[PDB]
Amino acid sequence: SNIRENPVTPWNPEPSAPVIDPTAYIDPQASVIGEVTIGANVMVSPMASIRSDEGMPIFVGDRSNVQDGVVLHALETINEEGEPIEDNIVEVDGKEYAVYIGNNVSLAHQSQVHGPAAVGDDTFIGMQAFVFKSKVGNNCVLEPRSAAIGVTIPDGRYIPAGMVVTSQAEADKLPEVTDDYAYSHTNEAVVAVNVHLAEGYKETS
């Protein structure tokens, strides 16, 4: 089966199975393993791998999409001594996650978000982009091949294609999304399309 429980390990005494909204579409060639919550109208495309086997949840909010070849995984959040590793946990609205993906977020083909990480609502994570040990605000755009490592990206900023942002000083000076910016409407178009695709694929299963 492509939707599976995680295994018993020293930090995981009890396997967890994914909680998937009935309106989500999970492609038969995607893999979803472990403590994962997937929200309404989410599309998970072929060859995506969402794997939550190192403790604590990976959450994917409503009307988000996880495109072909995308990987979601996270660093260990509970050591063998049962103790939570606080550095590897993100907090969003009073709850703890290994990876938090907000609502209306697009994770475009071959991108990767690796916990600890949070991605705010209405954000586009571009093709082949990378997010690790970072919090990405709402209404952001990571252009294709950009990366954010170890930083907080403020709401409404974009990272130009190919740029790798590793310092908070850099992240603080990223340009703003404006109406004339080439990717300012990309995420809303992509979300609308993928919500329709998920419904159409559901009608084939």
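All residue numbers are counted from 1 along the displayed sequence.
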Response to the item:
Assert higher mean C-alpha B factor (120-128 or 95-103, deposited values) equals 95-103
Item to complete: Using only the Cα atoms and their B-factors as the entry lists them, report which of 49-57 and 173-181 averages higher.
Response: 173-181
Worksheet entry | Residue, from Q29, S167, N41, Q67, that the PDB entry assigns the highest Cα B-factor | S167
Discussion item. Out of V113, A108, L75, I78, whose C-alpha atom has the biggest B factor in the entry?
Written reply: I78
Practice prompt. Compare the C-alpha B factor of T9 with those of the other modelled residues in its chain, then answer lowest, middle or highest third.
Written response: middle
Worksheet item: In terms of the chain's CA B-factor thirds, is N194 lowest, middle or highest?
Response: lowest
Practice prompt. Sort the modelled residues of this chain by their C-alpha B factor and say whether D62 lands in the lowest, middle or highest third.
Written response: lowest
Practice prompt. State the tercile, meaning the lowest, middle or highest third, of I33 with respect to the CA B-factors recorded for its chain.
Written response: lowest
Practice prompt. For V136, return the chain-relative third of its C-alpha B-factor as stated in the PDB record: lowest, middle or highest.
Written response: middle
